[PDB]
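Student: Input coords_29.pdb, format and content: PDB, C-alpha atoms.
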```
ATOM      1  CA  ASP B   1     -14.487-103.372  49.474  1.00  0.00           C
ATOM      2  CA  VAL B   2     -13.373-105.489  52.741  1.00  0.00           C
ATOM      3  CA  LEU B   3     -10.553-108.054  54.130  1.00  0.00           C
ATOM      4  CA  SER B   4     -11.725-111.289  51.897  1.00  0.00           C
ATOM      5  CA  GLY B   5     -14.980-113.506  52.815  1.00  0.00           C
ATOM      6  CA  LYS B   6     -13.339-115.969  55.513  1.00  0.00           C
ATOM      7  CA  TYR B   7      -9.272-115.686  55.490  1.00  0.00           C
ATOM      8  CA  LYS B   8      -6.088-115.254  53.022  1.00  0.00           C
ATOM      9  CA  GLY B   9      -2.032-115.163  52.883  1.00  0.00           C
ATOM     10  CA  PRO B  10       1.129-113.296  51.193  1.00  0.00           C
ATOM     11  CA  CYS B  11       1.176-112.336  47.235  1.00  0.00           C
ATOM     12  CA  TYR B  12       4.677-114.066  45.975  1.00  0.00           C
ATOM     13  CA  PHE B  13       4.180-116.094  42.419  1.00  0.00           C
ATOM     14  CA  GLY B  14       2.450-119.615  43.506  1.00  0.00           C
ATOM     15  CA  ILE B  15       3.345-122.056  46.606  1.00  0.00           C
ATOM     16  CA  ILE B  16       0.048-124.175  47.867  1.00  0.00           C
ATOM     17  CA  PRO B  17      -0.140-128.182  47.497  1.00  0.00           C
ATOM     18  CA  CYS B  18      -3.628-128.924  45.481  1.00  0.00           C
ATOM     19  CA  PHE B  19      -6.806-126.429  45.989  1.00  0.00           C
ATOM     20  CA  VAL B  20      -8.280-125.200  42.424  1.00  0.00           C
ATOM     21  CA  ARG B  21      -7.520-126.008  38.433  1.00  0.00           C
ATOM     22  CA  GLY B  22      -3.568-125.597  39.179  1.00  0.00           C
ATOM     23  CA  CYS B  23      -3.286-128.857  41.546  1.00  0.00           C
ATOM     24  CA  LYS B  24      -1.319-131.286  38.952  1.00  0.00           C
ATOM     25  CA  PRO B  25       0.993-128.373  37.368  1.00  0.00           C
ATOM     26  CA  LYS B  26       1.628-126.822  41.155  1.00  0.00           C
ATOM     27  CA  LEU B  27       2.309-122.892  42.005  1.00  0.00           C
ATOM     28  CA  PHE B  28      -0.805-120.521  40.843  1.00  0.00           C
ATOM     29  CA  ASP B  29       1.828-117.871  39.027  1.00  0.00           C
ATOM     30  CA  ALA B  30      -0.118-114.695  40.568  1.00  0.00           C
ATOM     31  CA  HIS B  31      -2.231-114.297  44.021  1.00  0.00           C
ATOM     32  CA  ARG B  32      -5.293-112.429  42.016  1.00  0.00           C
ATOM     33  CA  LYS B  33      -6.779-116.095  40.954  1.00  0.00           C
ATOM     34  CA  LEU B  34      -6.194-117.658  44.697  1.00  0.00           C
ATOM     35  CA  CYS B  35      -7.626-114.262  46.449  1.00  0.00           C
ATOM     36  CA  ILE B  36     -10.987-114.308  44.151  1.00  0.00           C
ATOM     37  CA  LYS B  37     -11.604-118.293  44.558  1.00  0.00           C
ATOM     38  CA  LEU B  38     -11.451-118.216  48.598  1.00  0.00           C
ATOM     39  CA  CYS B  39     -13.786-114.908  49.044  1.00  0.00           C
ATOM     40  CA  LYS B  40     -16.393-115.806  46.046  1.00  0.00           C
ATOM     41  CA  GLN B  41     -17.447-119.187  48.096  1.00  0.00           C
ATOM     42  CA  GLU B  42     -19.188-117.007  51.047  1.00  0.00           C
ATOM     43  CA  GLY B  43     -20.783-114.065  48.780  1.00  0.00           C
ATOM     44  CA  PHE B  44     -18.227-111.887  46.541  1.00  0.00           C
ATOM     45  CA  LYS B  45     -17.139-111.473  42.630  1.00  0.00           C
ATOM     46  CA  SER B  46     -13.919-109.022  42.202  1.00  0.00           C
ATOM     47  CA  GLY B  47     -10.453-109.956  44.078  1.00  0.00           C
ATOM     48  CA  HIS B  48      -6.815-108.247  43.550  1.00  0.00           C
ATOM     49  CA  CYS B  49      -3.116-107.641  45.130  1.00  0.00           C
ATOM     50  CA  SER B  50      -2.092-103.739  45.777  1.00  0.00           C
ATOM     51  CA  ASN B  51      -2.241-102.896  49.796  1.00  0.00           C
ATOM     52  CA  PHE B  52       1.631-103.347  50.964  1.00  0.00           C
ATOM     53  CA  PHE B  53       0.555-103.285  54.909  1.00  0.00           C
ATOM     54  CA  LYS B  54       1.085-107.191  55.903  1.00  0.00           C
ATOM     55  CA  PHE B  55      -1.217-109.565  53.485  1.00  0.00           C
ATOM     56  CA  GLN B  56      -1.441-107.944  49.751  1.00  0.00           C
ATOM     57  CA  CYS B  57      -5.152-109.473  49.006  1.00  0.00           C
ATOM     58  CA  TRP B  58      -8.533-107.288  48.714  1.00  0.00           C
ATOM     59  CA  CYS B  59     -12.200-108.544  47.631  1.00  0.00           C
ATOM     60  CA  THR B  60     -15.283-106.208  46.554  1.00  0.00           C
ATOM     61  CA  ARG B  61     -19.186-107.090  45.873  1.00  0.00           C
TER      62      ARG B  61
END
```
What would the structure in this file look like if it were written as structure tokens?
Tutor:
Amino acid sequence: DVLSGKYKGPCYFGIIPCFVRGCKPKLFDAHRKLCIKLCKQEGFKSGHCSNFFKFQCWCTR
């Protein structure tokens, strides 16, 4: 388990403008679907929010 594949942001409940299936409805609802889609593009498969230091996103092979 390491800090994502390239880079990530805060947990909250959805905020980005267009990136995956939630572009037309806006706000992803939970950071677990945005954390897995950015790290799985380089070489990963399991992403989640539970660290509380200064980012709240973790990905594992």
Student: Find the distance between CA of residue 4 in chain B and CA of residue 59 in chain B and write it in Å to one decimal.
Tutor: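 Taking CA of residue 4 in chain B and CA of residue 59 in chain B, their separation equals 5.1 Å.
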Student: Step by step, work through what the PyMOL selection byres ((chain B and resi 16) around 9) selects in the shown file, and finish by giving those residues as a ChimeraX atom specification.
Tutor: /B:14-15,17-19,23,26-28
Student: I want to know what sits within 6 Å of range 33-35 of chain B, based on all atoms listed in the file, with residues of the same chain fewer than 2 positions away left out; could you give that as a PDB file with C-alpha atoms, keeping the file's coordinate frame?
Tutor:
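Produced file selection-v8.pdb, reproduced below:
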```
ATOM      1  CA  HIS B  31      -2.231-114.297  44.021  1.00  0.00           C
ATOM      2  CA  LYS B  37     -11.604-118.293  44.558  1.00  0.00           C
ATOM      3  CA  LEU B  38     -11.451-118.216  48.598  1.00  0.00           C
ATOM      4  CA  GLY B  47     -10.453-109.956  44.078  1.00  0.00           C
ATOM      5  CA  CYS B  57      -5.152-109.473  49.006  1.00  0.00           C
TER       6      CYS B  57
END
```
Student: Out of B:45, B:40, B:61, B:21, which residue has the shortest atom-to-atom distance to residue 1 in chain B when counting all atoms listed in the file?
Tutor: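 Of all the options, B:61 lies closest to residue 1 in chain B.
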Student: Please, what distance in Å, to one decimal, runs between CA of residue 2 in chain B and CA of residue 20 in chain B?
Tutor: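 So the answer is 22.8 Å.
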Student: Mind giving me the straight-line distance from CA of residue 25 in chain B to CA of residue 51 in chain B in Å, one decimal?
Tutor: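 These two atoms are separated by 28.5 Å.
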Student: Could you name the residues that touch residue 53 in chain B at 12 Å or less, counting only C-alpha atoms, but leaving out those on the same chain fewer than 5 positions away, as number ranges by chain?
Tutor: B: 10-11, 58
Student: Taking into account all atoms listed in the file, which residue in the set B:55, B:49, B:13, B:6 is nearest to residue 29 in chain B?
Tutor: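 Checking each candidate against residue 29 in chain B, we get B:13 as the closest.
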